[PDB]
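Have a look at the structure below, then the notes.
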Amino acid sequence: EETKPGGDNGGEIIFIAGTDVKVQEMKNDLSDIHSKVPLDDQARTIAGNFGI
Amino acid sequence: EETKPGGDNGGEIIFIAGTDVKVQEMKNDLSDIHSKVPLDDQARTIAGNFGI
Amino acid sequence: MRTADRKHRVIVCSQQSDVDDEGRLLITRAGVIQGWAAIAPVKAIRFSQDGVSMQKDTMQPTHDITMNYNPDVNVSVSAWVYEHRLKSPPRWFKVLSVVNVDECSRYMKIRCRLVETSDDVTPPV
Amino acid sequence: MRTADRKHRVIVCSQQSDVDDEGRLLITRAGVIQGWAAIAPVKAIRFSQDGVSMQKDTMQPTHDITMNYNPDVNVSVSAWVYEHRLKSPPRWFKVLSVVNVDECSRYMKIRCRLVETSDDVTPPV
Amino acid sequence: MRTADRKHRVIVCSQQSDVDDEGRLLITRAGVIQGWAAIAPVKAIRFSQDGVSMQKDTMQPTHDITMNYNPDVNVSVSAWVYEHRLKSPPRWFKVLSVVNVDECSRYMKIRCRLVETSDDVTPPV
Amino acid sequence: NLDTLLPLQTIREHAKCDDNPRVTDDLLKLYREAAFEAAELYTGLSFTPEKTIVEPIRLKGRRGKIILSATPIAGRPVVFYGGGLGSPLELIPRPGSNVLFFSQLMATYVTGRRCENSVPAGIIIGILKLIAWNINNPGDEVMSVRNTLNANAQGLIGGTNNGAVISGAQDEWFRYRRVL
Amino acid sequence: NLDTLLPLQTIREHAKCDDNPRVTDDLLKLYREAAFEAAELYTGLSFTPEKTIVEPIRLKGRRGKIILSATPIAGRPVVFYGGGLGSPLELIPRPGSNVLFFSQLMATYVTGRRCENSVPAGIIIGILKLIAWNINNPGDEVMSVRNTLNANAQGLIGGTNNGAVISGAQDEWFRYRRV
Amino acid sequence: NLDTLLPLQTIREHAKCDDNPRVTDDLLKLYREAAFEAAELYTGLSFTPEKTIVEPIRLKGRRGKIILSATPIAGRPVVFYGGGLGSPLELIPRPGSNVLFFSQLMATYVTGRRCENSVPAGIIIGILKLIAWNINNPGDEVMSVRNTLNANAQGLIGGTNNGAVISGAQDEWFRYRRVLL
Amino acid sequence: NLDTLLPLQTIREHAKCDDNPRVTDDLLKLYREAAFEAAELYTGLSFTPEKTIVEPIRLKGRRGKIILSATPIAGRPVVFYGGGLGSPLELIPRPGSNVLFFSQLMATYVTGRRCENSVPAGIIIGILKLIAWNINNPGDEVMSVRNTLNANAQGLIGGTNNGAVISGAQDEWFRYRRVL
C-alpha cells in the first residue's frame, strides 16, 4: 500500500521473502457503460423525426 | 463493495489473506441490441420505396 | 462390513435341558435375540440323507455369523442359531465361539457349526 | 499405532498371594499402572456362561495389548490387566509375555489371555 | 541396512571358564569388540521377576543383532553380547548363530537369545 | 449451558464411544464447547436469549443503506439516534437480513433466538460430527484432504486439513447459511 | 406429526439396526428429525406447521414485483398495510412460488402446511437413505469408494463423509424440483 | 500464566501420555509455552484481560481514516489527543472493526475480552492439536497420508508433513483470524 | 554456555534418543553447536536479553521514512540525535513495527520484550527439530523432497535435500522473521 504517490516508499520495488502473494490486475474497462453505438442511433432517430 | 467512488476505502487495493476468492469480470457488451446492420438496411428499404 | 451384506435372518436361541421322567433327557431351545446377520462358509459339508452333517471332529467351526454386537448379552457355550429361509429347508447351527471384531464392539463374529438342515427340525419356542 | 487407537482404559496390576489361615490361599491384585492402551484379538473365545473363558492350553495368548513403554517397570510373570468399560462387564487379562516393539522402547505389546468377563469380579485395590 | 538404524551400543564378549578350587565353576566374560549394532525382536519374552527370561527351549533365538562384518573375528559358540542403555537395566544376550548377510561380507547378523535383564548383572572385564 | 441442548450421552452414542470411552468426560466438555462455538460463529446464529447491541453506523449506498453487525431479531423495531435526528427513528427489519434503508449516528437493537427449542436439528447433527472428528484426531496423523486440482507450485502436500470441513460439518450445517 | 409419517419400526427395519442399544430412540428421533428438516429444505415442501410472519415489503421494480421470504399457503389473501395506504389491500398469490404483483409498507401472510398426509414415497426413500447413512457414518475416517481407505500420496479425495449427497437423497428428491 | 488456563493434566489427558516418563514436566512446559505464542503471534490476540493501549495515529486518505491495531472494544469510546487537538475527542468504534473516522496524533483504548475466563475453546483446541503433534512427531522422517512412508521414485511429497502445522491446529486458530478486505 | 540454554537431556528427550543412545554425547553437542549457527543466522536475531542499541540511520524514501533494525517496545519513545538537529527528538513508535517518520544522524532505543528473555521458546523447536533430523540422517540415505512441480529438466531426482526445511525448521523459525 505505501507505494501510492506521496508515500514512504513510493515507486520502489516490493520484496517478499517467501510465501508468494499472487496479484492479478483487474481490467475495469468501463469504457462502454452508456453503449455509444445503440445510443447515438436513438439520438439520430429522435432527431430525424423532428426534421433536423 | 466499499471501493465505489466516494467509499470508505475507495480506490485502494484488495488484500485477502488466505482463502483465495476468485473474481471474473463479465463483459455485458450490450452494444448491438438493435442489430444496427440488419436495421439500417430495412430503413434504406422502406425509405427507398417512398422514393427518398 | 457392508450393512447390505447382512442378508440372513436368524434367531439366536439358548438351550434349556432337563431329563424326562421316563429316564431320557430333553432339550428345549428358547429364542432370545432376533436380527439380521451375515453367514459365510469356511469348510465343506457332508450331508448324509436326512440332512444331518457328518463332520467327525465336532469342534471345527464351519460357518461364520456376524451380527450387531450387544453388550448386555453373553453368548455362552450353550447358544444355538436357527436360520430360516424362503424355499430352502431351515438350519440349526451350534455356536462354538465368539469374537468381538477388532474389539471395536460393533460386530460379533460367531464361529459356529452346522448341525442339521432338513425340513423337520423343531423350531424354537 | 496412531495415538487415537489407544481407546481402552486399563489397570496393570501385580498380584501378591498369602495363605488363608483356614487352609486356602488368596491373591491380592493391586494396581501399579493406569493408562490408555489398544487391544486386539488373535483368537476366538469359548465363554461358558458366567464368563470364564474355556481355553484349554492356558498358555496361548488371545489378546494383544499395546501401551506406552516405561523403562523402570519390569512386567513380571505375575502381572494382570484389569480393563473396565462403560456398558460392558469388566475383564481380567493375565499377561503371558511382553514385546518391546521393534526395540524402539516406545510401546509395549503384552500378549495376554482373557480369564473372565462378568459383572462380579474383584476390582484391584 | 540404514546406517542410522544401527542405534544400539553393544560389547561383544567371549566367555572364559574355569572351576573354583572350592569345587564349583566360574565364568568370566571379557569384552572383545565394541561397536554400534541394530537389534530387533523375533519372539516374545517371559520376564519372571528378577528379570531372567523364562524361555523353555533355550535354543530358539529371540533377537537379531546386526553389526559391521569383521573378517578376522570368529564369533564362536561361546560369545555373548552385553548391551547397556541409558535409563533401562542392562541386558545379556547369548549368541546362538551368525549369518553373513547375503555373503556380501558387509554385515554380520547374530542370532542371539536374551538371557537376563536386571540392574545387577556382572559387567564385562 | 449446553447439556440442555445436547447431553454427553448422545455424543457418546453417536461417535460410537459408549462402550470404549476413548476420552474422559471433561475433555468431552471442552470439545463440546469448541463445537458449539464453531458452528455458532460459522453460520452467524447466536444461542443466548439476546445481546442488545449499540453500534455506530455510517451511511453509504446513495439510495441510503444501513448494514448491521448482528441480524436484528425479527419483529422488533430497530431505533436510530444521534446523527442529527430530532427524535429516535424507528425501522422494522427484514427477517434474517442486516440491511435497512433510511454528532454521530448510532443504532440499538437485540439479537435473537431467545428460545431453546429452535436449533432445528441440523446444527446439532453437524456438531455431533465435528466432535466425532476431534475424538479421534488428536493431531498426530496427517490426514490432509485435497481441494482444487493444480498441485501448489511450492510442491507441498496440499491444503484443507481442517476439522469440520473434511468431516461432514460444513455440508451438514450449510443448508442454513444464505448465499449472497 | 412425524411419528405417523415415519414409524421408527420402518427405520429400524430398513437400516437393519434393531438389536444394538447404541442407537436408542432419542438419538434415532434426532436423526429422523434432521432428515425431515433437510427434506423440506432442499425440495421446499413445507413440513413445518404454521409460522405466521409479518415482514416489511420493499417494492422493487416498475413492473411492480413483490418478493417474499417464505412462500404463502396458496389461497389465503396476503394483506398489505401502511406505507401510505389507508385501507389495506388483499392479493392472492400463485401456488408454489413467492412472487406477487402489485411509515413503510408491510405484509403479513401465512406459511407452512396444516394437513398430515400427502408425503410421496419418493421423499421417504430419500429420508430412509439419509438416516441409514448417519447411523453408521460419523465424522471420522474420511473413507473412499466401496467404503475403502486410501493413502493417496498427494492428498485425499474429499467430500466423501458428507451425508445426503454420497447417499441417495439429494438425487432421490430432484424429481420434485424444477427450473 | 498458562498454569491456570491450560493445566498440564489436560494436555497429558489429551495426547494420552500420562504414563510416559520420557515427557518430563519441564519438556511439556516448554511445548505448552512455545505453542501459546507460536499460535498467538499468528492470531495477534493478547491473552491477558482488558489491556489498555496507547499508540500514534496517522490519517490516511483524503476523506480521513484511522487504522488502529487492536480491534479495541465493544461500546467504549476510544479517545484521541495531542496533534493539534484542543481537547481530547472521543469516538465510538464499531464492534469487531478497527477503523475510525473524524505533536503527533495519539489514541488510547482498551482491547481484550472482559473476564479473566480467557481464550475460548477454539484457541485451546489448536494448542492441544499442536502440542500432540509436537510430542509424538519430531522432525526426523518425512511422512505421508495416514502416516505411511512412501518412495515416489522422485521427490518426496513431504513439503510440509515433516513437522509443520499439518494437524487441524493451525486451521482451527484461523477460524478466529480475520481476512482483510 | 549453550547447554544452559538447551540442556542435553531436553535434546535427548525430544529426539527419542533415550534408552537408545544413538550418536554419543560429544556428537550431540557438536550438532547443538552447529544448530545455533543455522538458527540465528537464518533469523538475523542475536543472543542477548533486552538490549538497547545505537545505530546510524539513513533517510532513503525522500518523504522521510526511517527503517530500524529492531523492534522498539510499545510506549518507550526512541530518540534521534546527531546530524542536523538542535536537540534529541522524541518519537513514539508504532506498536510492533520499525517504521518511523519526521554529522551522522543516529538513533537509540530499547529492543526485545521488557521481561525476562530466554530465547523465545518457539525459535527452539526448530533447533530441537534440526538436531533430531541430524541424528537419523547422517548422510548416506537419499531423501529428497520436491520444490518445483515440473521436473528437474533431466533425469535428476528433483531436489530440496537440505535439512532444516525438510525437518520443519525453516517454517518454525519463520514466525520471528521479517518479510519486508
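Residue numbering restarts at 1 in every chain; chains get A, B, ... in the order shown in the C-alpha cells, and ligands count up from 1 in that same order.
Using only C-alpha atoms, we find that the part of chain A lying within 7 Å of chain B comprises residues 35, 37 and 38 of chain A.
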Pull C-alpha atoms from the residues just selected and write them as a short mmCIF file (atom, residue, chain, number, x, y, z; two decimals), in the first residue's frame.
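The new file out35.cif reads:
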```cif
data_model
loop_
_atom_site.label_atom_id
_atom_site.label_comp_id
_atom_site.auth_asym_id
_atom_site.auth_seq_id
_atom_site.Cartn_x
_atom_site.Cartn_y
_atom_site.Cartn_z
CA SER A 35 -23.46 1.82 -25.10
CA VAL A 37 -23.43 2.64 -30.60
CA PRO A 38 -27.05 1.87 -29.62
#
```
Contacts of residue 22 in chain I at 9 Å (only C-alpha atoms; same-chain gap of 5+ positions) as an mmCIF file with N, CA and C atoms, in the first residue's frame:
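New file out-v4.cif:
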```cif
data_model
loop_
_atom_site.group_PDB
_atom_site.id
_atom_site.type_symbol
_atom_site.label_atom_id
_atom_site.label_comp_id
_atom_site.auth_asym_id
_atom_site.auth_seq_id
_atom_site.Cartn_x
_atom_site.Cartn_y
_atom_site.Cartn_z
ATOM 1 N N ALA E 4 21.864 -45.263 9.956
ATOM 2 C CA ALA E 4 21.303 -44.539 11.083
ATOM 3 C C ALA E 4 20.376 -45.411 11.897
ATOM 4 N N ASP E 5 20.158 -46.648 11.460
ATOM 5 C CA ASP E 5 19.377 -47.597 12.234
ATOM 6 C C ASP E 5 20.233 -48.339 13.240
ATOM 7 N N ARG E 6 21.528 -48.481 12.978
ATOM 8 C CA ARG E 6 22.372 -49.152 13.949
ATOM 9 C C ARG E 6 22.463 -48.244 15.156
ATOM 10 N N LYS E 7 21.443 -48.302 16.000
ATOM 11 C CA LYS E 7 21.276 -47.357 17.087
ATOM 12 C C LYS E 7 21.430 -48.010 18.448
ATOM 13 N N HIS E 8 22.140 -49.126 18.532
ATOM 14 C CA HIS E 8 22.365 -49.795 19.802
ATOM 15 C C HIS E 8 23.854 -50.028 20.002
ATOM 16 N N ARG E 9 24.336 -49.674 21.190
ATOM 17 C CA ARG E 9 25.747 -49.755 21.549
ATOM 18 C C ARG E 9 25.974 -51.025 22.350
ATOM 19 N N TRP E 36 28.594 -50.223 17.236
ATOM 20 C CA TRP E 36 27.170 -49.960 17.127
ATOM 21 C C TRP E 36 26.509 -51.080 16.344
ATOM 22 N N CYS I 17 16.071 -40.093 21.547
ATOM 23 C CA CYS I 17 17.339 -40.733 21.858
ATOM 24 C C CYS I 17 17.441 -40.828 23.369
ATOM 25 N N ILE I 135 20.189 -36.468 13.705
ATOM 26 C CA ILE I 135 20.643 -37.676 14.373
ATOM 27 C C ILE I 135 20.369 -38.897 13.516
ATOM 28 N N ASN I 136 19.258 -38.922 12.781
ATOM 29 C CA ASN I 136 18.965 -40.057 11.915
ATOM 30 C C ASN I 136 19.009 -39.674 10.444
#
```
- Task: For residue 108 in chain C, work out the shell of residues within 8 Å, counting only C-alpha atoms and skipping chain neighbours fewer than 2 positions away, then give it as a ChimeraX atom specification.
- Result: /C:65-69,98-101,105-106,110
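Using only C-alpha atoms, one finds that the residues of chain F close to chain G, at 7 Å or less, are residues 10, 13, 15, 92, 93, 94, 95, 121, 122, 129, 130, 132, 133, 136, 144, 145, 146, 157, 158, 166, 167, 168 and 171 of chain F.
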- With a distance cut-off of 7 Å and only C-alpha atoms, select the neighbouring residues of range 58-72 of chain H, excluding the residue or stretch itself and same-chain residues fewer than 3 positions from it, and output the selection as an MDAnalysis selection string. chainID H and resid 96:102 105 109:111
- Message: If the cut-off is 10 Å, can you tell me the residues of chain F near chain B, counting only C-alpha atoms? I'd like them as a list in words.
- Response: residues 58, 60, 61 and 62 of chain F
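All C-alpha atoms of chain F, paired in order with those of chain I and fitted by least squares, deviate by an RMSD of 2.7 Å.
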